[PDB]
A.B. asks: 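Next up is a structure, given as structure tokens.
Protein chains get the first letters and strands the later ones, always in sequence-line order, with residue 1 at the start of each. Any value given below was found using the heavy atoms of this structure, including those in side chains, with hydrogens, waters and symmetry copies removed.
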2 protein chains.
Amino acid sequence: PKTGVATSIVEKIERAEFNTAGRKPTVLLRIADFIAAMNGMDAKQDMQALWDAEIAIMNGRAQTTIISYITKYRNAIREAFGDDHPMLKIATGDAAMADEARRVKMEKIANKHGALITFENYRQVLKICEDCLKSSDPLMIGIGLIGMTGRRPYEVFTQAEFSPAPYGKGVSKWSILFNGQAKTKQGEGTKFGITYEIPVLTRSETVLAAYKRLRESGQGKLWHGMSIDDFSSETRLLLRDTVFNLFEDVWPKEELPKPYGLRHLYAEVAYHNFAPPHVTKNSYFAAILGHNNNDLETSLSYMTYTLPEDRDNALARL
Amino acid sequence: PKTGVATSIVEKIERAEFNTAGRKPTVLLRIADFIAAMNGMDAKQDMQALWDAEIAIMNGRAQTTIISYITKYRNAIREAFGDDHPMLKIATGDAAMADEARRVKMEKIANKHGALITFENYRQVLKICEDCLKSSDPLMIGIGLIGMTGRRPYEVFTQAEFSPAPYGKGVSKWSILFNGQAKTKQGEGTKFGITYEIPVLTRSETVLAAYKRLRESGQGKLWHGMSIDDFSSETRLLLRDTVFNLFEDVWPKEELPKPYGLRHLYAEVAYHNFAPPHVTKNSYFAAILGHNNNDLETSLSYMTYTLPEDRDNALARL
DNA sequence: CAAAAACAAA
DNA sequence: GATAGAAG
DNA sequence: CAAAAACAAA
DNA sequence: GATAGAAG
């Protein structure tokens with residue numbers, strides 16, 4: 001069509017109107033305005049004018065940033081005007097800048113694989129996680145699960161289901177059943193909707209109980225179901241402060257201690273203790289991380305560290 | 001321009017005219033004809049007609065095949081009419097079929113990583129290679145180098161340079177300096193033209209001498225410099241028969257023994273004996289195989305087998 | 001007199 | 001086809 | 001009476 | 001941007 005409103009954005013601008021403090025929502029503003037402007041636009045060249053002006057405002061911002069912004073625009077257009085709107089053929093970044101973006105990523109990752117960080121104090125890190133599994137503070141439990149199960153924060157906190165995994169005619173003690181994969185949309189070969197088994201790094205018993213507590217806390221019951229902008233607003237800076245605090249003294253010198261660090265390490269340790277002999281590391285990761293079928297490319301991003309044992313062994317060839 | 005001839009094709013058709021035997025060069029024929037037809041064509045829509053007819057002849061052939069054929073066409077056009085000819089915007093496969101081709105590859109490789117083949121008798125395989133390093137028959141030596149150094153056949157046989165590698169203030173005994181990477185064209189981040197160090201699987205001494213012999217044999221001196229269609233014609237079926245013969249009794253049951261098998265295994269063993277602790281397997285491969293800078297995607301294709309030791313270890317976690 | 005959305009990076 | 005860590 | 005380019009698959 | 005294992 002030629003009309004409709006981006007409800008979600010508007011909502012956010014409206015709340016923003018009466019906050020005790022905070023910087024101005026100028027970008028949600030540009031988007032809202034843009035969407036208004038589009039109403040009763042039939043002509044491509046006009047739509048092009050509107051987009052091109054938007055692009056030009058964004059000059060100065062970082063490439064990675066610009067690209068993210070373009071997504072906010074696109075979801076807004078899609079929300080307001082549906083999927084079929086010709087503005088979605090226009091509102092995109094140019095191809096050259098995408099091409100460079102790719103290059104940049106390849107370079108980064110290629111550099112990590114050539115310079116893995118030795119996770120000297122890793123066992124300490126996992127103990128700490130295990131211990132947080134026993135904390136009264138739901139946040140702490142959460143951190144504990146990210147360390148122990150490898151689920152992303154958003155997963156742990158707002159939407160993960162954890163079943164006990166059947167191990168023959170009993171119960172698996174080194175893995176649980178997980179559901180609520182994020183970053184995934186329905187489709188052949190996709191973990192969306194799918195329950196599946198992932199190794200964990202301490203008694204399935206423990207883990208499962210801890211998730212029960214978290215699920216039942218006040219803050220937990222709040223978290224449960226939150227969209228991502230919600231969850232980020234509620235919890236991101238807190239969780240980042242906590243994790244920084246908590247692991248600061250044991251994290252490899254090379255980098256600062258961040259929540260996703262747990263998922264990276266988790267993959268590494270799980271592989272190291274549990275990987276069967278006939279699958280590759282890339283495969284094992286893409287498996288335990290809930291990656292799409294045949295997606296082996298994404299594993300490459302989690303190859304971050306090396307365990308001091310593995311490092312010691314390489315050196316054992318002198 | 002609007003004129004020129006594909007010299008190489010013509011040459012091949014001409015030789016073909018008086019062979020004692022062999023099937024008819026009908027495809028080089030279609031290409032030659034096509035190139036003739038293009039002479040004095042200025043109009044896109046005509047060029048489109050010519051291509052579309054070519055495409056339609058190719059129906060029935062396999063996708064992988066068709067795509068290869070399209071390359072022969074394109075190199076022919078490029079040879080005859082240069083790089084700038086608008087027919088190169090037309091002579092290509094459709095995008096849907098490429099997209100599927102990609103899918104197909106991803107699926108294949110994703111399947112190998114989930115079902116690695118245990119190379120039970122691998123040490124036998126490498127011994128055999130070592131022993132061929134001592135054969136009087138240059139072919140045999142060649143096989144020996146593919147097993148021992150990981151260079152592709154075309155590399156070993158026609159254009160590889162092997163220096164001794166400096167190891168501190170002496171000489172490296174577990175690696176040599178290599179040059180003549182094939183499948184590579186000049187460019188930032190490319191091993192073309194580049195000498196570089198690759199591990200080998202037996203005394204650098206041995207290897208280097210053996211390559212000297214091969215280089216100095218009659219057949220060697222012939223091989224040296226051959227284009228790829230030459231080399232294939234001269235040597236491919238022979239080398240495939242030999243390798244089939246030679247390794248038939250020790251190759252994993254799962255697959256037949258083929259020359260590239262050596263390069264796959266080579267990567268695996270080199271990693272297993274020589275990989276430093278701070279680099280990933282993907283990285284190590286892309287390194288020792290002469291892959292482009294930041295190319296980590298191509299390593300994924302060489303992850304084919306698993307060593308019975310590594311397999312035994314995985315199982316050691318019961 | 002010193003806490004609570006933009007900008008950016010698998 | 002481009003998505004989902006500076007206002008008492 | 002039985003060896004010497006098409007077709008295809010990193 | 002698409003390249004490089006059935007004629008004595």
Side-chain angles (χ1 to χ4, degrees), chain A residues 12 16 18-29 60-72 74-75 88-89 91-93 95 98 101 104-105 108-109 152-154 182-185 228-229 232-233 236-237 239-240 256 258-260 263 289 291 295 297-302, chain B residues 12 16 18-29 60-72 74-75 88-89 91-93 95 98 101 104-105 108-109 152-154 182-185 228-229 232-233 236-237 239-240 256 258-260 263 289 291 295 297-302:
Chain A
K12 308 192 197 131
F18 45 78
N19 302 322
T20 103
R23 62 181 291 165
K24 258 41 189 215
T26 63
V27 169
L28 307 183
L29 297 174
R61 304 300 126 229
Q63 313 288 277
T64 75
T65 299
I66 299 185
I67 299 178
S68 330
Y69 282 9
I70 289 181
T71 307
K72 295 184 130 248
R74 296 171 61 82
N75 286 37
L88 297 151
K89 297 292 213 178
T92 61
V104 161
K105 184 183 174 165
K108 268 146 198 183
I109 294 201
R152 315 169 169 114
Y154 180 56
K183 297 173 81 188
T184 188
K185 327 194 93 186
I228 179 84
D229 297 332
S232 292
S233 186
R236 194 88 59 206
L237 295 94
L239 165 76
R240 143 182 203 268
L256 305 92
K258 337 181 207 76
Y260 235 52
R263 177 183 183 85
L289 309 180
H291 285 179
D295 181 2
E297 247 189 293
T298 313
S299 74
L300 297 191
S301 281
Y302 292 93
Chain B
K12 308 192 197 131
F18 45 78
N19 302 322
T20 103
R23 62 181 291 165
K24 258 41 189 215
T26 63
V27 169
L28 307 183
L29 297 174
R61 304 300 126 229
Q63 313 288 277
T64 75
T65 299
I66 299 185
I67 299 178
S68 330
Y69 282 9
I70 289 181
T71 307
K72 295 184 130 248
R74 296 171 61 82
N75 286 37
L88 297 151
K89 297 292 213 178
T92 61
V104 161
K105 184 183 174 165
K108 268 146 198 183
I109 294 201
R152 315 169 169 114
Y154 180 56
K183 297 173 81 188
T184 188
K185 327 194 93 186
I228 179 84
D229 297 332
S232 292
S233 186
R236 194 88 59 206
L237 295 94
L239 165 76
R240 143 182 203 268
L256 305 92
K258 337 180 207 76
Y260 235 52
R263 177 183 183 85
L289 309 180
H291 285 179
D295 181 2
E297 247 189 293
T298 313
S299 74
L300 297 191
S301 281
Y302 292 93

A.B. asks: Of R240(A) and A101(A), whose nearest nucleotide on DNA chain D comes first from the 5' end?
C.D. replies: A101(A)
A.B. asks: Closest nucleotide of DNA chain D for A91(A) versus for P153(A): which of these residues is on the 5' side?
C.D. replies: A91(A)
A.B. asks: Return the value, rounded to whole Å, for the distance between atom CG of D295(B) and atom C1' of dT3(F).
C.D. replies: 14 Å
A.B. asks: Quote, to the nearest angstrom, the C1' distance that separates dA7(D) from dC1(C).
C.D. replies: 15 Å
A.B. asks: Under 3.5 Å, side chain of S68(B) to main-chain N/O of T64(B), donor-acceptor pair present?
C.D. replies: yes
A.B. asks: Check the phosphate of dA4(F) against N75(B), side-chain N and O only, distance under 4.0 Å to OP1 or OP2. Yes or no?
C.D. replies: yes
A.B. asks: With sequence neighbours excluded, tell me which residues meet side-chain contact (heavy atoms from CB on, under 4.5 Å) with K108(B).
C.D. replies: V104(B)
A.B. asks: If you take all heavy atoms of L289(B) and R263(B), which pair is closest and at what distance?
C.D. replies: O-NH2, 2.8 Å
A.B. asks: Quick check for you: among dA2(D), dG5(F), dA4(F), whose closest atom lies nearest to any side-chain atom of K185(B)?
C.D. replies: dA4(F)
A.B. asks: Apply side chain to side chain donor-acceptor pair (under 3.5 Å) to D295(A) and list each qualifying residue two or more places apart in sequence or on a separate chain.
C.D. replies: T298(A)
A.B. asks: Roughly how many Å is it from CD1 in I67(A) to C1' in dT3(D), rounded to a whole number?
C.D. replies: 11 Å
A.B. asks: Work out how far the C1' atom of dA8(C) is from that of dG5(D), and round it to whole angstrom.
C.D. replies: 8 Å
A.B. asks: Using the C1' atoms only, state how far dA6(D) lies from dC7(C), rounded to an integer number of Å.
C.D. replies: 8 Å
A.B. asks: For Watson-Crick and G-U wobble pairs within 3.5 Å on both distances, what is DNA chain C written in dot-bracket notation, | included for inter-strand pairing?
C.D. replies: |.....|..|
A.B. asks: Sugar-phosphate atoms are those with a prime plus P, OP1 and OP2; base atoms are the rest. Using that split, label each nucleotide of nucleotides 3-10 of chain E B, S or - for protein heavy atoms under 4.0 Å, 5' to 3'.
C.D. replies: -BBSBBBB
A.B. asks: Just to verify, what does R236(B) make a side chain to side chain donor-acceptor pair (under 3.5 Å) with, not counting sequence neighbours?
C.D. replies: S232(B)
A.B. asks: With rounding to the nearest 0.5 angstrom, report the CD1 to OG1 distance, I67(A) to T92(A).
C.D. replies: 11.0 Å
A.B. asks: Where is the tightest heavy-atom contact between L300(A) and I109(A), given as atom of each residue plus distance?
C.D. replies: O-CG2, 3.5 Å
A.B. asks: Using the side chain to side chain donor-acceptor pair (under 3.5 Å) criterion, which residues pair with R74(A)? Sequence neighbours excluded.
C.D. replies: none
A.B. asks: Do you know the tightest heavy-atom contact between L239(B) and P153(B)?
C.D. replies: CD2-CB, 4.3 Å
